[PDB]
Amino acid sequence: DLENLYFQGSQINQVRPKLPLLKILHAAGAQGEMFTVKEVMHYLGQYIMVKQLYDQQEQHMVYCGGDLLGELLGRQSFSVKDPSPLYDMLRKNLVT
């Protein structure tokens, strides 16, 4: 089966975060250094919640400036409604 052959070694698609992003996931309670992209998103959400980087009024708004997360994103702020910067950062900080 060629479809089986193609997908072998590639059915979970784990990533190894680059060291600064790994430190963020660890601060949100992650362990080890291999994750699914779904796990990375869970831990990043948790990180923002535990470091209180969101705005209690406009909870879609993240103020990451002066946090390690802001350094990785190259931003002072972002909205979960317009998550382009997060896509960019994860493309650069997740290794297959």
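All residue numbers refer to positions in the sequence shown, first residue = 1.
Trainee: Would you determine, from the values in the PDB entry, which of 28-36 and 52-60 has the greater average C-alpha temperature factor?
Mentor: In the deposited entry, the stretch with the higher C-alpha B-factor mean is 52-60.
Trainee: Splitting the chain's C-alpha B-factors into thirds, which one does residue 66 fall into?
Mentor: Highest third - that is where residue 66 ends up once the chain's C-alpha B-factors are sorted.
Trainee: What third of its chain, lowest, middle or highest, does the C-alpha temperature factor of residue 81 fall into?
Mentor: Its C-alpha B-factor, which the entry lists for residue 81, ranks in the highest third among residues of this chain.
Trainee: Going by what the PDB entry lists, where does residue 17 fall on CA B-factor within its chain: lowest, middle or highest third?
Mentor: CA B-factor rank for residue 17: lowest third.
Trainee: Would you check the entry's CA temperature factor for residue 95 and let me know if it's in the chain's lowest, middle or highest third?
Mentor: Highest third - that is where residue 95 ends up once the chain's C-alpha B-factors are sorted.
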